[PDB]
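Only one structure is covered here, and it is reproduced in the block below.
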């Protein structure tokens with residue numbers, strides 16, 4: 001649950017499950033709530049414009065500095081993790097097989113290197129269900145879009 005092994009395994013499934021959309025009961029609830037936020041984010045034309053306004057050449061550079069920017073204050077919140085996974089899945093489209101593995105690899109690297117301890121401090125990925133368990137949880141979209149927009153600006 002809070003073990004790093006499980007957190008990486010679960011993160012891998014949630015990301016794989018996520019990317020396969022743009023292309024037990026508690027974890028299904030996460031998959032589906034991420035999906036819904038993804039669907040709404042995909043309707044934000046300002047956000048999709050910015051994600052198109054970024055050089056797909058050298059994906060490793062843009063992925064990692066975007067991810068580092070969202071987390072440059074040394075703090076954590078689930079909206080930033082949602083933004084990261086969403087941006088990774090958009091990079092898969094912006095360049096497309098092995099691309100999927102590579103970007104998942106970069107993302108998994110960032111999670112292990114930077115997010116692991118925070119997610120442990122949340123009780124694991126169960127924390128993300130807490131983040132989703134509110135009234136009007138769908139307005140979390142506005143927040144995740146904001147986090148993504150600020151991070152593409154510096155790049156842009």
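Derivation of every value follows stated rules applied to the coordinates shown; laboratory data play no part. Quick reminder, even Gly has a Cβ in these numbers, built from the backbone with ideal geometry, and neighbours come from all protein chains shown.
Structure data summary
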{"quantity": "Cα gyration tensor, the range 107-154 - rounded (a/c under 1.5), prolate or oblate", "calculated": "oblate"}
{"quantity": "Spacing of the two label points (7 Å from each Cα toward its C-beta) at residue 102 and residue 136, in nm", "calculated": "4.2 nm"}
{"quantity": "Distance from the range 65-104 to the range 111-156 (C-alpha centre basis), Å", "calculated": "11 Å"}
{"quantity": "Estimated FRET transfer efficiency (residue 65, residue 28; beta-carbon r; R0 22 Å; 0.05)", "calculated": "0.10"}
{"quantity": "Shape call, the chain: gyration tensor on alpha carbons, a/c limit 1.5", "calculated": "rounded"}
{"quantity": "Listed peptides 56-62, 81-87 by packing density, highest first (mean Cβ within 10 Å)", "calculated": "81-87, 56-62"}
